[PDB]
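When we count neighbours, we look across all protein chains shown, and the Cβ atoms used for this are built from the backbone with ideal geometry, even at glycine. Read-outs throughout are calculated quantities, based only on the coordinates presented, and are distinct from any laboratory measurement.
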Amino acid sequence: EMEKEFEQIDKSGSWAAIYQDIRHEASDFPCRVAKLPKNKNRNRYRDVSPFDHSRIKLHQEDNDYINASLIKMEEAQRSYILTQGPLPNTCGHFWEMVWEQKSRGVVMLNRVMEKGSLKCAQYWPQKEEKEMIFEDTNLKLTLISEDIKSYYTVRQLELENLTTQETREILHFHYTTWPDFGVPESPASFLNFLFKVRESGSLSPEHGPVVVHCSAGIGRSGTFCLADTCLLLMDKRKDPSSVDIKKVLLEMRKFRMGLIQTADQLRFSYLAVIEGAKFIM
């Protein structure tokens, strides 16, 4: 099964090589829109861009460009939007997308500043009393509630389309304890967090796709979507042991580049599926 391939890779000390191989096989599609002069200041990283074919279009005339991708896992019957941490000038765009795609949950896997480097802007209100309004997108955002746990925080937010005065409740899942160096020792907490997200309703087909981000929306974000997808696959196929993580990762990389950023994140991803499988069994 999979816990053995994990061991085959382990005694071999080949994590870096499998990581190397996946990176060698990853698909490569144009990102012409992302690279247009007008969009330079809409990308955190010049080397992390959404492919043209799966990019999320904002519904406005000025410029529909946001660095965000629709990952559509057809067999698993789940879609995700992976996106970079919002920039100071793309916060309105971000909430615009959330509104337009009709997402119920935003999944955050980073801290705004990490090891002295800004990874994303403070895109949501830290205080119930100081709601935020994004003038460019005509949206208002209010912190309703916040439940802090040891390794993560869940917040209830009210996003108000200041144009229909419609309002939606957005759930914000913030994983606050990813370590500065490496990956978590145990996946338990990561899986618990995933489960909380599943339990909330955020991943149901009844809603638009969950939006997941980190700094670039590919390392940590890919780990989350990889783990989730692989579990679904296991549940669906009726020969669970048929699920090849390298294969689901490669299929994910058709929708967005660089998913899973280090060999250590790939090993953590395998760790998370096995234990998640075990727990579920």
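Going by the structure shown, is residue 45 surrounded by 13 or more Cβ atoms within 10 Å (Cβ to Cβ) and farther than 22 Å from residue 209 by Cα? Answer is yes for this residue.
Look at residue 61 and say whether it is of a type in the set (D, E, K, R), surrounded by fewer than 23 Cβ atoms within 10 Å (Cβ to Cβ) and either in contact (Cβ under 8 Å) with a residue 24 or more places away in the chain or touching an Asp or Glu at 6+ places or on another chain (Cβ under 7 Å) (or both). So residue 61 fails the test. Right, residue 98: surrounded by 18 or more Cβ atoms within 10 Å (Cβ to Cβ), in contact (Cβ under 8 Å) with a residue 60 or more places away in the chain and either within 25 Å of residue 55 (Cα to Cα) or of a type outside the set (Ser, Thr, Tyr) (or both) or not? Taking the combined requirement at face value, the residue satisfies it. Quick one: would you say residue 85 is surrounded by fewer than 23 Cβ atoms within 10 Å (Cβ to Cβ), touching a strand residue (DSSP E or B) at 6+ places or on another chain (Cβ under 6 Å) and under 24 Å from residue 203 (Cα atoms)? For residue 85, the condition - surrounded by fewer than 23 Cβ atoms within 10 Å (Cβ to Cβ), touching a strand residue (DSSP E or B) at 6+ places or on another chain (Cβ under 6 Å) and under 24 Å from residue 203 (Cα atoms) - is not met.
One residue stands out among those in the range 107-130 that are assigned to a strand (DSSP E or B) and of a type in the set (A, V, I, L, M): the one that is farthest from residue 156 (Cα to Cα), which is 118.
Listed by position, the helices (runs of 4 or more DSSP H) enclosed by the range 174-273 that each have at least 1 residues that are touching a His at 6+ places or on another chain (Cβ under 8 Å) and touching a residue at least 12 places away in the same chain (Cβ under 8 Å) are 220-237.
Just for the range 139-156: of the residues that are assigned to a strand (DSSP E or B) and touching a residue at least 40 places away in the same chain (Cβ under 8 Å), which one is surrounded by the fewest Cβ atoms within 10 Å (Cβ to Cβ)?
154
Considering the range 118-138, the residues that are closer than 27 Å to residue 179 by Cβ and touching a residue at least 40 places away in the same chain (Cβ under 8 Å) include one that is farthest from the chain's Cα centre (by Cα), namely 124.
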